[PDB]
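Residue numbers (the entry's author numbering), protein chains in the order written: chain A, 193 to 240; chain B, 145 to 528; chain C, 289 to 528.
Okay, so here's the structure we're looking at.
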Amino acid sequence: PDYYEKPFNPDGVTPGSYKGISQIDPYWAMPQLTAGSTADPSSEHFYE
Amino acid sequence: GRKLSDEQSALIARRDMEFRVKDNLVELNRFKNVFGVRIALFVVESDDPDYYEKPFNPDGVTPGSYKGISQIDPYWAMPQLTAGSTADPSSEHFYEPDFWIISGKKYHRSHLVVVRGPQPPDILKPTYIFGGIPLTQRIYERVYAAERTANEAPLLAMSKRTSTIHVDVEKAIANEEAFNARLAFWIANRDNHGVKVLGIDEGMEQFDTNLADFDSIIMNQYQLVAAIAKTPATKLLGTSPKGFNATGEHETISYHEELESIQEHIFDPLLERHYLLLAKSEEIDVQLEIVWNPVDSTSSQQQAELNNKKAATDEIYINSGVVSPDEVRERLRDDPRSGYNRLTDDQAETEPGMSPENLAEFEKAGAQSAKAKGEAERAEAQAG
Amino acid sequence: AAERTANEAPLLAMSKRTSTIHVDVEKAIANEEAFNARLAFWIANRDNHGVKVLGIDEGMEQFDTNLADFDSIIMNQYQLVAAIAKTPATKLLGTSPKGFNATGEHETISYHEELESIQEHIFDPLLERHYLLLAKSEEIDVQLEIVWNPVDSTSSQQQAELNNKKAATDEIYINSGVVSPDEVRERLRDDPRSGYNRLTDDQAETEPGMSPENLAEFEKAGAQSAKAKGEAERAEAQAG
């Protein structure tokens with residue numbers, strides 16, 4: 193029910209589950225920032 | 145990956161002949177450029193009243209049902225949006241019209257083939273009624289400007305010089321119908337090597353106009369028009385504009401590349417769908433693929449040293465054994481540009497590298513080897 | 289800026305020439321509708337070879353505008369526009385701008401360089417993940433990657449002269465035994481620009497140096513060697 197919410201795992205691929213490619217305009221998507229990404233600049237994942 | 149027999153080749157050839165495929169392709173591209181969106185419909189006769197309602201089924205084709213291709217102008221059809229198409233941006237078919245209204249008849253999207261020009265953003269799609277950006281909208285203003293600038297020059301040239309004289313107009317209007325007659329006589333008989341006589345209190349002056357700058361403006365406008373249409377000016381105008389280089393080395397390359405892009409994008413899907421439907425309609429149990437001829441066009445000479453260069457390469461390969469005498473034969477047979485196009489059904493040598501000279505030395509080397517082998521054994525008779 | 293500057297010139301060309309006449313306006317407004325009629329007749333029938341009659345106290349004067357400077361401005365603006373887009377102007381406008389030399393050799397190289405930069409950066413990760421996920425979904429238990437075709441575009445003459453030069457390289461290595469005839473046949477098969485795409489499933493000779501002429505000289509040298517050795521023992525049969 194929440195596969196996209198979990199982090200990606202290649203081992204979870206169901207045969208025939210792949211359907212196609214979807215592209216979204218920027219005004220339909222709103223990014224969300226967590227406390228982990230804004231912890232300290234020493235983190236490799238700072239500000240995305 | 146192999147060549148089909150002659151009977152179905154002739155069948156497909158004639159079928160395409162009475163279907164006017166090339167006309168359909170040309171009109172498709174032309175009206176797509178003109179209107180920004182074009183609709184292609186494939187007519188297939190079925191007994192189901194709602195065959196077009198159901199999504200297209202490849203296996204639903206009945207023999208001999210196909211009839212041809214029809215194209216619909218934008219102002220006849222009316223798109224319709226289902227709830228799923230406008231459900232959420234996550235869908236792969238967001239803002240994709242899944243139904244079209246043509247004179248009250250419903251057609252599913254899968255049954256149609258729609259080609260689009262430039263793609264507007266999603267928010268601008270409803271304004272364009274889910275269509276591409278028209279080229280006429282992009283070009284009409286500049287076309288008008290260029291045409292008006294071109295037309296203006298002869299009008300100024302026709303009135304380049306004006307001549308005026310001064311005279312006591314009171315005495316002129318005192319008794320005219322003779323003053324006018326005299327001046328009309330002068331105008332009628334006016335030329336060089338004649339003398340005009342005036343009084344001491346009058347004068348005469350002339351004015352001109354310099355027209356030595358219109359050409360640059362006209363050529364700049366025409367160059368801009370050529371730039372808008374993504375076509376070299378040497379085709380629209382038939383000559384490079386004045387003062388511009390006419391090397392055309394990269395221009396022809398870019399034009400050929402654009403033509404290849406058009407071939408890949410617009411003509412490929414309709415042709416693929418047509419050929420699939422035709423093959424399924426006439427019991428053709430072979431899968432078909434489309435290969436395009438080279439877009440570059442050359443005169444007879446360039447063809448001559450084109451063919452010779454490949455011929456030289458072929459001899460290098462066959463003597464080295466990498467290729468065989470046969471596989472070059474049908475390669476030449478498949479190429480229509482090759483000079484030899486009336487080939488028979490005869491077959492050449494199939495073994496790789498067995499040239500007539502290579503085959504000649506095949507037996508000569510082996511035969512001498514046996515003689516050499518026996519001689520050593522014959523030498524072994526003595527000293528033993 | 290470039291578009292408005294381009295649009296300005298034809299309008300000024302339309303309004304290039306201005307003509308004026310000085311008359312006694314008081315008399316003209318004393319009784320018009322005939323002055324207007326006469327002037328309208330003059331405008332309607334105006335051309336060269338015609339003469340205009342004026343009073344002794346009147347005068348006529350004309351003006352004109354020089355429009356020989358717009359072209360350089362327009363081409364400079366368009367050159368800057370093409371510079372911003374990191375694409376040669378010869379493709380945006382179709383020709384090199386006025387006054388700029390048109391060698392164009394290095395600009396094609398720069399555009400090509402930007403082209404494989406785009407190919408490596410934008411297109412590569414999406415397509416790579418797509419192929420990985422397709423392989424996982426379609427139970428294809430083979431690891432695969434992506435290799436890119438050359439970015440340049442060539443004509444028939446250029447392609448033919450390209451293939452001919454490569455053929456010489458193939459022949460020189462085969463005679464020296466660097467590569468095997470099949471190992472270049474497969475390369476010839478996979479090349480898209482190569483004419484030979486109808487190759488069958490047959491396999492050619494597999495070990496390097498074993499060329500059709502290298503066949504013949506091999507057995508003769510091999511066979512003649514045995515003959516010479518046979519004579520060696522035959523010769524030594526006598527003299528001891």
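Where is the CB? At the ideal position from N, CA and C, for every residue including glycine.
Each residue's CA atom was taken as its position, placing residue 401 of chain B and residue 395 of chain C some 17 Å apart. With respect to residue 340 of chain C, residue 306 of chain B sits close: the two C-beta atoms are nearer than 9 Å. At a cut-off of 9 Å between beta-carbon atoms, residue 416 of chain C makes no contact with chain B. The C-beta separation of residue 511 of chain C from residue 513 of chain B comes to about 4 Å, placing the pair in contact by the 8 Å criterion. Here residue 224 of chain B carries a strand assignment [DSSP, helix/strand/coil].
The C-beta distance from residue 214 of chain B to residue 185 of chain B rounds to 5 Å, short enough to meet the 8 Å contact threshold. In terms of beta-carbon proximity, residue 298 of chain C lines the interface with chain B, with at least one pair separated by less than 9 Å. For residue 457 of chain B, the enclosing alpha helix (DSSP H) covers residues 444 to 463. With a contact defined as Cβ atoms closer than 8 Å, residue 411 of chain B and residue 169 of chain B qualify at about 5 Å.
For residue 353 of chain C, no pairing in a beta bridge is given by DSSP.
The beta carbon of residue 419 of chain B sits closer than 6 Å to those of 432, all from its chain and outside the five residues before and after it, given in chain order. For residue 418 of chain B, the enclosing alpha helix (DSSP H) starts and ends at 412 to 425. Residue 468 of chain B places its beta carbon 9 Å or farther from that of residue 460 of chain B.
For chain A, the residues of the region 422 to 443 of chain C that bring a beta carbon within less than 8 Å of one of its beta carbons are 422, 424, 425, 426, 427, in chain order. Runs of alpha helix (DSSP H) with 4 or more residues, each lying fully within the region 355 to 381 of chain B, are found at 358 to 372, 377 to 380, listed in chain order.
Taking a Cβ-Cβ cut-off of 9 Å, the neighbours of residue 266 of chain B in chain A comprise 217, 219, 220, given in sequence order. For residue 240 of chain B, no Cβ of chain A is located within less than 9 Å of the residue's own Cβ.
Rounded to whole angstroms, the gap between the alpha carbons of residue 399 of chain B and residue 294 of chain B is 27 Å. One Cα belongs to residue 386 of chain B, the other to residue 382 of chain C, and the distance between them is close to 15 Å.
In the same chain as residue 179 of chain B, and ignoring 5 residues on each side of it, the C-beta atoms closer than 7 Å to its own belong to 218, 278, in chain order. Within chain A, the residues whose beta carbon sits less than 8 Å from that of residue 234 of chain B are 214, 216, listed in sequence order. Taking 8 Å as the upper bound on Cβ-Cβ separation, chain B lies near residues 352, 354, 355, 356, 358, 359, 362 of the region 351 to 366 of chain C. Going by C-alpha positions, residue 442 of chain C is about 42 Å away from residue 356 of chain B. Within the same chain, and ignoring the five residues on either side of residue 492 of chain C in sequence, the residues whose Cβ sits closer than 7 Å to its Cβ are 469, 470, 473.
A residue is called buried once 16 or more other Cβ atoms fall within 10 Å of its Cβ, and residue 528 of chain B, having fewer, is exposed.
About 12 Å separates the beta carbons of residue 425 of chain B and residue 212 of chain B, which is beyond the 8 Å limit, so they are not a contact pair. Leaving aside the five residues that flank residue 304 of chain C on each side, the residues in its chain whose CB is nearer than 8 Å to its CB run, in chain order, 352, 353, 355. Residue 368 of chain B counts as buried, since no fewer than 16 other beta carbons sit within 10 angstroms of its beta carbon. Between the C-alpha atoms of residue 429 of chain C and residue 229 of chain A there is a straight-line separation of about 36 Å. The three-state reading of DSSP puts residue 383 of chain B in coil, since its state is none of H, G, I, E or B.
Taking C-beta atoms under 8 Å as the contact rule, residue 337 of chain C and residue 174 of chain B fail to qualify, at a distance of about 48 Å. Between the alpha carbons of residue 445 of chain B and residue 495 of chain C lies a gap of roughly 41 Å.
Looking at the DSSP output, residue 216 of chain B shares a beta bridge with B:183.
Straight through space, the alpha carbons of residue 319 of chain C and residue 313 of chain C are spaced by roughly 10 Å.
DSSP places residue 315 of chain C inside the alpha helix (DSSP H), whose first and last residues are 313 to 318. By the neighbour-count criterion, in which a residue is buried when 16 or more other Cβ atoms sit within 10 angstroms of its Cβ, residue 365 of chain B is buried.
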